[PDB]
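Notes for the structure review
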Amino acid sequence: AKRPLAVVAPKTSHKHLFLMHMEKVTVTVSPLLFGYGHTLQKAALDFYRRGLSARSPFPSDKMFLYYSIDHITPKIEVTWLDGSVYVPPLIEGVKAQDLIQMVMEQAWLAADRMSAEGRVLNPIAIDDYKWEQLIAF
Amino acid sequence: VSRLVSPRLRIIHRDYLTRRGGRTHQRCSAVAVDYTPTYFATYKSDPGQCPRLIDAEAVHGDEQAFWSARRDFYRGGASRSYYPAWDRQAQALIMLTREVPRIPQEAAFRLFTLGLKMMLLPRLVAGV
Amino acid sequence: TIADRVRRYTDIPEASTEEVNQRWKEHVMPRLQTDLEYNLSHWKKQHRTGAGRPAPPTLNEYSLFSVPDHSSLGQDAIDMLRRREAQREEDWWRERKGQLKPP
Amino acid sequence: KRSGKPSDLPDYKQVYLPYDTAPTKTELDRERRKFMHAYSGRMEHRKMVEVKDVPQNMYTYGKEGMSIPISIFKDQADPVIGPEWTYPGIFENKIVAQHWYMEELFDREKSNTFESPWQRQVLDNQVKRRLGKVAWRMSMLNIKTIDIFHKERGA
Amino acid sequence: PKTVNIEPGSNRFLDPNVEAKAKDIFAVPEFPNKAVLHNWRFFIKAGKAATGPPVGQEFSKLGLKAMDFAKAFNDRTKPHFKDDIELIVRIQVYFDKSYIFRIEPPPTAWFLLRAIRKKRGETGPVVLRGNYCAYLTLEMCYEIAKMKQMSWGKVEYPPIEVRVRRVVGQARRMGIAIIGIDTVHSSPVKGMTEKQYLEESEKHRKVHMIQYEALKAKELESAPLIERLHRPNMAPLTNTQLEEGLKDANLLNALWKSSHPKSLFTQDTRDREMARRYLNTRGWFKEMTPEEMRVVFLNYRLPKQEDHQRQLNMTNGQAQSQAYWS
């Protein structure tokens with residue numbers, strides 16, 4: 001780090017998992033584990049669908065599913081441009097809009113840490129935080 | 001005694017203070033068994049050279065079409081809901097646990113191990 | 001009362017997923033090839049040929065995971081409950097129109 | 001709308017006759033005389049009405065061997081019509097396909113007396129619509145308040 | 001004189017010649033998993049697509065020189081086509097502005113006015129117009145329905161007979177009184193008595209069923225595995241059970257197990273009888289031994305052949321034979 005990290009962070013709700021600064025979002029599960037109803041297995045796999053959705057501007061070719069074997073609880077691993085991986089903790093009762101919110105919210109912190117070490121950052125297309133917008137009628 | 005005797009599996013616990021009820025600060029726990037950081041090297045390679053983990057593209061092509069698939073035998077329209085995750089694993093768990101073809105080539109040495117006792121007994125017998 | 005009103009949410013998916021564990025460990029487990037690490041590595045090879053063997057499951061292989069499904073069960077109970085409410089209009093407007101008939 | 005309408009209207013090119021016995025002129029206008037009327041609306045509100053532009057001979061009209069001018073491709077002329085039992089479900093559709101008032105269908109179900117084994121399918125597809133006209137009726141009210149017949153009507 | 005083919009309903013498809021180049025142009029360039037911005041729809045003639053307000057404008061609202069697309073259109077639509085066949089173009093614009101368009105056969109309303117020879121304004125629903133317009137006969141709708149297939153990758157996703165009731169209804173909604181229905185008498189024939197005409201239908205109309213079912217059952221054997229799963233019927237449950245069975249799901253569970261058709265996994269007496277001991281406390285079905293339930297608690301959407309198949313599973317060597325192999 002070239003400077004102490006940020007203090008304040010924007011606080012807004014993220015619909016879609018746009019590639020803010022991540023480089024590879026892998027989602028590991030073990031189908032040997034099973035469950036009917038809302039479990040973590042379901043919460044993580046819809047996050048795959050919700051990421052691969054035709055709606056989210058996430059690059060569909062950059063998300064990697066990974067069937068495990070050894071009863072690996074569903075892992076969601078995001079890797080940023082600097083290569084520091086991040087597993088959003090899958091607390092029980094979680095679901096899609098949380099993980100799409102966790103990783104996107106952390107995306108601003110992690111992209112901040114990359115911007116602290118000295119990594120040059122790119123222009124981002126989406127602006128989840130409405131800043132150039134005004135509500136019109 | 002390792003809890004999950006599989007030494008590569010490592011149990012990680014994380015308890016968090018998240019805002020529930022809009023104002024509160026409750027205790028939420030994210031318990032999980034994940035692979036030891038030992039088993040992280042050969043997995044941050046994209047081919048999944050680490051075994052026990054299979055690129056989903058292997059068991060079938062284009063999960064972009066296998067998980068994004070929407071029920072439509074005749075449920076077209078608004079009722080073309082996605083598939084329930086409970087079978088969408090099954091059609092992939094059943095594909096994982098298929099018959100892989102044990103070839104008789106391995107069976108020869110194993111057969112060469114089948115007649116192990118019967119013929120090694122007279123070897124030391126006939127060799128005095 | 002706490003562990004009750006949450007049991008509305010989980011015991012039935014548990015009463016199910018604890019019956020599959022029974023079905024799994026009874027019928028498929030005996031005939032399950034335990035050398036999976038070799039088996040998976042075979043499909044990572046079948047994929048590097050491209051012409052590999054991803055096989056689709058069949059009904060008899062799949063009916064193991066046949067379960068009471070409130071995705072459908074709870075739904076078509078409403079619709080059938082509803083096409084009785086849709087049934088009690090033509091049978092109502094036939095009854096009302098049947099009140100104008102003399103005795 | 002004007003667009004999406006045919007400009008050139010090809011005419012019925014009879015390919016081959018469906019009979020060897022000519023339908024003599026006398027009976028032609030004896031059976032066509034019956035067709036100039038066609039029922040409409042299926043209940044007590046049965047309404048025998050008139051049909052404009054009646055074809056002249058219906059022994060030849062469509063039963064076989066006439067062409068229909070839906071000519072679409074380059075090599076596909078006005079297709080010939082095979083005989084009746086050569087099209088699937090036709091004399092079965094004759095039982096099913098028609099204006100069905102639900103008044104007339106629910107007495108058939110609660111008495112399980114369907115003329116056809118598909119009227120159980122033309123019933124659902126009819127109620128499954130009317131429920132949709134509600135699940136859209138209400139997924140709109142979650143926006144605003146839409147009130148029926150509250151604006152002026154007519155001129 | 002000459003009947004082209006005498007078979008009980010083998011003309012459900014276009015000629016393999018015309019069906020060859022049927023889907024050469026009516027094909028869906030596969031969805032790139034992008035986020036669509038605009039799903040436009042046009043009527044365009046055979047190959048007379050212009051850069052004008054009909055097409056070039058909506059591109060020019062977005063700055064696309066639609067002088068190109070019209071050519072890429074005519075790179076696929078100028079041949080193959082009888083003159084003046086107004087097609088529908090389903091232009092689909094993605095967030096990268098790259099379009100993808102499916103050309104489609106003319107709207108069936110365009111077909112219907114051709115097959116009856118009526119221009120714009122001559123046709124109408126009787127309640128607006130007072131008269132049935134041009135006649136038709138079911139024999140004609142079956143050929144408007146052959147060039148109208150929703151899945152121009154799977155030419156018969158809706159079976160043809162199912163497709164006709166659609167075009168028939170759209171016709172009646174335009175005033176097109178077809179003869180086979182809507183009238184006192186069907187199409188008169190010089191062949192035989194009305195009875196000798198009706199006695200030749202009672203055989204044909206039912207031969208089609210074993211034809212239509214088999215095609216409905218072959219479809220379900222390739223249908224999604226979830227589709228062939230068990231979904232019990234709800235016609236027996238009376239609307240107080242049907243409501244008292246929604247407050248507590250336990251009843252709709254024990255019901256499912258109680259009336260599941262026999263399988264290798266549901267031949268557990270205690271599992272089936274555990275439910276049967278739950279319902280009796282709830283006063284539900286009590287006089288119906290397991291058999292008369294399965295025949296009424298079956299997925300009615302099964303083709304008769306297949307419901308009959310699942311119903312007799314215990315007879316089929318028991319399902320105790322068919323199991324998850326390994």
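- As recorded in the PDB entry, chain D goes by the name mL88, listed as coming from Leishmania major.
- For this structure, the PDB entry title reads "The Large subunit of the Kinetoplastid mitochondrial ribosome".

- Per the PDB entry, chain A goes by mL53 and derives from Leishmania major.

1. What to know about the overall build of chain D
- On a plain count of helices and strands, chain D comes out with four helices and two strands.
- For chain D, the sequential pattern of α-helices and β-strands runs α-β-β-α-α-α.
- Reported as C-alpha extents along the three principal axes, the dimensions of chain D are approximately 65 × 45 × 35 Å.
- A burial count over chain D gives 47% of its 155 residues as buried.
- Sequence-distant contacts in chain D: of pairs separated by 6 or more residues, those separated by 24 or more amount to 44%.
- Looking at chain D as shown, the accessible area adds up to about 8900 Å², and 55% of this sits on carbon and sulfur atoms.

2. Thoughts on the packing of aromatic side chains
- Applying the stated rule across the entire model yields 33 aromatic pairs over all chains.
- A connected cluster of aromatic rings, assembled from ring pairs, spans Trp40, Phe42, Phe59, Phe69, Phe73, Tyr99 and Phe101 of chain E.
- Here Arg42 of chain D stacks its cationic end above the ring of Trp100 of chain D, 4.3 Å away from the centre of that ring.

3. Describing the interface of chain D and chain E
- In this complex, chain D contributes 80 residues to the contact, which on the side of chain E involves 86 residues.
- At the boundary of chain D with chain E, total buried surface from both sides reaches about 7600 Å², with 61% on carbon and sulfur atoms.
- Where chain D touches chain E, the interface holds four salt bridges.
- When the shortest N-O distance is used, the salt bridge between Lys21 of chain E and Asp75 of chain D registers 2.6 Å.
- At the junction of chain D with chain E, the criterion picks out 35 residue pairs in polar contact.
- Elements with a contribution of two residues or more to the side of chain D that touches chain E: α1 (25–35), β1 (37–38), β2 (49–50), α2 (90–96) and α4 (119–141) of chain D.
- Residues that form the side of chain D that touches chain E fall into these classes: 42 nonpolar, 17 polar and 21 charged.

4. Section: the sheet that holds strand β1 (residues 22–29) of chain A
- The sheet built from five strands is open, its strands ordered β4(A)-β3(A)-β1(A)-β2(A)-β5(B) with mixed pairing. The open sheet has two edge strands, β4 (85–86) of chain A together with β5 (53–55) of chain B, and neither has a second partner.
- Summarising the sheet, strand β3 (residues 75–80) of chain A and β4 of chain A pair through two bridges and their orientation is antiparallel. Bridge pairing in β4 of chain A places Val78 of chain A opposite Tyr86 of chain A.
- Packing against the sheet, helix α1 (residues 40–52) of chain A makes contact with β1, β2 (63–68) and β3 of chain A, and its axis sits at approximately 150 degrees to β2 of chain A.

Thresholds applied
- Residues numbered from 1 in each chain as written, not as in the entry; some residues may be left out.
- Chains lettered and ligands numbered in written order.
- Part of a larger assembly, values for the part shown.
- Heavy atoms only, no water.
- Helix = DSSP H or I, 4+ residues; strand = E, 2+ residues; numbered from the N terminus.
- Buried < 20%, exposed > 50% of the residue type's maximum accessible area, 1.4 Å probe, protein only.
- Contact = heavy atoms within 4.5 Å.
- Areas by Shrake-Rupley, 256 points an atom, 1.4 Å probe, with all protein chains shown as cover.
- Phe/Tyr/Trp six-rings, centres within 6.5 Å; stacked < 30°, edge-to-face > 60°.
- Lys NZ or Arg CZ within 6 Å of the ring centre and 35° of its normal.
- Buried area = accessible area lost by both parts, 1.4 Å probe.
- Salt bridge = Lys/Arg side-chain N within 4 Å of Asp/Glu carboxyl O.
- Polar contact = N/O pair within 3.5 Å; in protein donor to acceptor, adjacent residues only side chain to side chain.
- Nonpolar A, V, L, I, M, F, W, Y, C, P; charged D, E, K, R; others polar.
- Pairing = 2+ DSSP bridges.
- Axes fitted to C-alpha atoms, helices over the stretch in contact; angles between N-to-C directions.

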